[PDB]
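**Student:** Please find one structure pasted underneath; my questions will follow.
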Amino acid sequence: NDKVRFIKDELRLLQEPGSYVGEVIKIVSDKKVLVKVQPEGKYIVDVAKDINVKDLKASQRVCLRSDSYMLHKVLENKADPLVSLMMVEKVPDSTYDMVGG
Amino acid sequence: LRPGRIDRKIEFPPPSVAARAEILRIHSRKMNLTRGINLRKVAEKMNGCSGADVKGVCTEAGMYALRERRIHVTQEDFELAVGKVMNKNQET
Amino acid sequence: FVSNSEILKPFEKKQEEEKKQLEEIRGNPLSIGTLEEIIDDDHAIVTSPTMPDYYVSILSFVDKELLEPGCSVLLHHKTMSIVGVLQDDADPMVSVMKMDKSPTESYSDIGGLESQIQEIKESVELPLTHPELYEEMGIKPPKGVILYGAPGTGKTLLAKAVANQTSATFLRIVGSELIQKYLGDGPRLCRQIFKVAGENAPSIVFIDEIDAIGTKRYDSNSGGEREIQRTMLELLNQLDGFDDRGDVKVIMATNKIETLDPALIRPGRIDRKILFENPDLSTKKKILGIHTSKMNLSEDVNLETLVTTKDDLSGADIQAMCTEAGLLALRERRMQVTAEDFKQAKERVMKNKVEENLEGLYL
Amino acid sequence: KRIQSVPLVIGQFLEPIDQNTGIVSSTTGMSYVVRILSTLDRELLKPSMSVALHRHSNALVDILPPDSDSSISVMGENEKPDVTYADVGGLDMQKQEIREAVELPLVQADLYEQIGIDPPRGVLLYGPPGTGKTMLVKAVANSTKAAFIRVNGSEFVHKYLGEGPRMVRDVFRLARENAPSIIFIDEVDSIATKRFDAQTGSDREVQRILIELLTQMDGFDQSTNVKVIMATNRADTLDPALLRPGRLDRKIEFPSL
Amino acid sequence: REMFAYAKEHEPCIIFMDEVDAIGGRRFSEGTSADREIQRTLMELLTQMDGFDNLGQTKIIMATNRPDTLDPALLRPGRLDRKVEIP
Amino acid sequence: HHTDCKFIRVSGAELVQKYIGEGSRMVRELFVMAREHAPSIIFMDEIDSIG
């Protein structure tokens, strides 16, 4: 029955405007986080009441809500390669046995 | 060149017959081979080859095996692989 | 009781009413943008990262002095009005800038140069540490010093000890980084160098190893000979045409400064010309004891013995033998370095490591 | 699932996040995070799979079939064959190397696993421009008679910002559906150059066009069932980073004089 | 691509070129202050006369003040077959 | 590999870009990448012309 009730109540969730995509840059003591949206500009929003600014840092992919324009949760971090071209190789496979003579 | 920047200067000697003998078996260790070949005889025909030329012989070793449609690499492929690599170094 | 009613009571009442207005003032999204220009009517124009254009009125939480063309401010969602100015923290632009705070250096390791130290200390460290000498006398200290001499004299450690005692901002500009691939970025870089150094403290400007424009040598960066003047004259106009009271101290040093344009040296602003030569047998005895102070030496090793063997060597050649002697004993892993390691180390430095040319010789 | 039934915004899937929740990228350029419809599943789609989005809310509605739209979608055969391989002589030296690195792995993929040799994921071409590089590729398309994709190097550039990178990933998706697929890019040096990569403050980056080339090729070709053929002018023009291990190692130069 | 789009519609069409000193040259990419628009412009003129698209009813008349300012790749056969000199 | 480090190359061709404040930052930007991660062992690429 709960599976049937959740599907019939999905119409309210489908009509929700959704959320944007942005990255965290810096924070302040006012609980206002700086979110940089890739297609759009930058927007300073308020963190959720269930979270705080202690778990937020620079270069963090998060979820920015649409209608209320506030932070929801944290998605993922920033990838290892940065800027234009960044070569990151940790613990290669080359050893002394691979080099003869 | 003056001290204070580079504290150690290592001179790399060019590969030799005894040097390329142990290098040839390492690059060929990742592919199929045949015990009927010789490690120091193949490197003896090559003279003045760099480390990329040794890997080129190993890389081209499996190319000639695809023409005969066989899963093994005999002495016939090594003789054709060296002749192709030696021509690339003497060209240009 | 009486004062708390006239101080704490009206203050807490205004702060609670101000926070209630912050919800209507500062919205949820709080869009931002780039400020272009301001007008005396309290109206400005701000451009968001999406490149729009708007004209609104300047609201509270900002003044006329805090507004500068080219800065970033805070906007509003529906009305697009300016909420206030947003200061820029965590360095102005670049985080890899050579600016540091109180590095580790002393005057004991630079010993032997005191003849050349007295000139640079009075023109740099003295006005910063004791400003009452130049201000009360009426003289104006020079705006910078320049160094010249043979390579290997250790001209880098001369200005390194200044940053520790002055306890101020210390900047470094590589002479090879002065130019840029894109034409026009040369003066744009040098303009930002003096801009950052001029905002916070007199500080220090130290430029070392200038290969710029000298005997070409860069074929991957093409200036067309026109970028040569625009990049170099930018450093000249900042040391002459730029208005300054003598706070900015710019130091330039490299192997040979004679190949540079003497007009770029700007004579009369730099009153200190310091020359460096090879030390004698008396000075090398003090320099050798510095590098061997933290080193464990055997009983048979004598400091006066190695100095006698040293012939035509600079300060960098002495440290090379102490480093090489430590590596020779490192292979055998000995606590105290014996005398046989110093004998083999001093021979390899002056032979393979140091290549002694004839230059001017005529025996 | 039938609530919408009306015009929908074309989306593209990116990464899974939560159960019945995923991030999507609309063709409008603005990425949104919505919830996956209950009748759908995260396993029924692909990381690069293109989906549909609601008109206003941009919520996920229906998953489009595994085919995309760039230009004509390039089915690959319309009146294509004209000449054959026998009509061009003298290239038999370079023709044998291409047929072994292109036509051979598409037929028997187990030959490389037995000999222990990693087949190149594609083949480049070098030498003086304006002579060859169109003769050998045309002979392979007629001899193989399979999926073939011919897209110009500068064709990936679109008048819209976000449309450029979206059309790059859409080419590799069509090659994954049909196993004997050959991707051909004529004059790739337009979007791939030595340095020159930073466009500074003109529009965004434009490096993303090159980033998608390195991202899609390095993440795909796990079964080595897709090969990419590119033509250029000289070697000094192309990005030298393309010859590193882990990506295409093939180098073929047209003999001069 | 818009000009050559009318070749398949109207078959008896001949597209001219008027005194090209710029987009006909080679000028590979080193620096050059983001020339990619002109760089890709050269790639389009070398596309329609190269790729598998077949027309045969469309002629390309290109006029210039000197052959040295033109891309040597464009001067190769397969694109400009006959060079008519007007001394 | 034996030192358990992160191998990072240096391409001197792309180290010079043009931005606002980042123009000359890209040259020495690789220094910061070796700060946050101590096991660097920076390697140099694109040495000279081999022909």
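FYI, residue positions are counted from 1 along the chain as it appears here.
We read in the header that electron microscopy, 3.8 Å was used to get this structure.
Using the three backbone atoms N, Cα and C, a Cβ is placed for every residue, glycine included.
Grabbed the feature section from Swiss-Prot, which reads as follows:
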type	residues	note
BINDING	C:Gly149, C:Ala150, C:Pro151, C:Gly152, C:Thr153, C:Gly154, C:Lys155, C:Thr156	ATP binding site
CROSSLNK	C:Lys160	ubiquitin cross-link
CROSSLNK	C:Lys181	ubiquitin cross-link
CROSSLNK	C:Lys216	ubiquitin cross-link
**Student:** Sort C:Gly149 (ATP binding site) into helix, strand or coil using the DSSP assignment.
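**Tutor:** Its secondary structure by DSSP: strand.
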**Student:** Can you grab the distance from C:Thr156 (ATP binding site) over to C:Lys216 (ubiquitin cross-link)? Cα atoms, rounded to a whole Å.
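**Tutor:** About 24 Å separates the two Cα atoms.
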**Student:** Test of understanding: give the count of other CB atoms lying within 10 angstroms of the CB of C:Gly154 (ATP binding site).
**Tutor:** 21
**Student:** Filter the recorded positions C:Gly149, C:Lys155, C:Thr156, C:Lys160, C:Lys181: retain a residue only if its CB is under 8 A from a CB of chain E. Output in sequence order; output 'none' if empty.
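**Tutor:** It is C:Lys181, listed by sequence.
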**Student:** Using Cα coordinates, what distance in whole Å links C:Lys216 (ubiquitin cross-link) and C:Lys181 (ubiquitin cross-link)?
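**Tutor:** Approximately 14 Å lies between the Cα of C:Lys216 (ubiquitin cross-link) and that of C:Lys181 (ubiquitin cross-link).
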**Student:** Using a 10 Å radius around its CB, how many other CB atoms surround C:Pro151 (ATP binding site)?
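**Tutor:** That number is 15.
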**Student:** Distance between C:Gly154 (ATP binding site) and C:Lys160 (ubiquitin cross-link) at the Cα atoms, whole Å?
**Tutor:** 10
**Student:** Can you list, in sequence order, the residues of the same chain other than C:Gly149, C:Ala150, C:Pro151, C:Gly152, C:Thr153, C:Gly154, C:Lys155, C:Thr156 whose CB lies within 8 Å of the CB centroid of the ATP site?
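**Tutor:** Sorted by sequence, the hits are C:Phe276, C:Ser314, C:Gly315, C:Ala316.
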**Student:** Just jot down the residues in the same chain as C:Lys181 (ubiquitin cross-link), at least 6 apart in sequence, with C-beta under 8 A of its C-beta; none if empty.
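**Tutor:** In sequence order, the residues whose Cβ lies under 8 Å from that of C:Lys181 (ubiquitin cross-link) (at least 6 apart) are C:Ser220, C:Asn221, C:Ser222.
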**Student:** Cβ atoms within 10 Å, counted per site: which of C:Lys155, C:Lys160, C:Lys216 has the most, among these recorded positions?
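**Tutor:** It comes out as C:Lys155.
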**Student:** Just to verify a number: CA distance, C:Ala150 (ATP binding site) to C:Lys160 (ubiquitin cross-link), in angstrom, no decimals.
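**Tutor:** Here the two Cα atoms lie 19 Å apart.
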**Student:** I'm trying to understand the geometry here, so how far is the Cα atom of C:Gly152 (ATP binding site) from the Cα atom of C:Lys160 (ubiquitin cross-link), in Å to the nearest whole number?
**Tutor:** 16
**Student:** From the recorded positions C:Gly149, C:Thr153, C:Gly154, C:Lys181, C:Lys216, keep only those with a C-beta under 8 angstroms from any C-beta in chain F, and list them in sequence order.
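**Tutor:** Sorted by position along the sequence, the hits are C:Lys181.
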**Student:** Minimum Cβ neighbour count within 10 Å among the binding-site residues C:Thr153, C:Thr156: which residue?
**Tutor:** C:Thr156
**Student:** May I ask you to pick out the recorded positions among C:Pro151, C:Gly152, C:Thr156, C:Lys160 with a CB closer than 8 angstroms to chain B's CB atoms, ordered by sequence, or 'none' if no residue qualifies?
**Tutor:** C:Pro151, C:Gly152
**Student:** With DSSP assignments reduced to helix, strand and coil, which class does C:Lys160 (ubiquitin cross-link) get?
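**Tutor:** C:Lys160 (ubiquitin cross-link) sits in a helix per DSSP.
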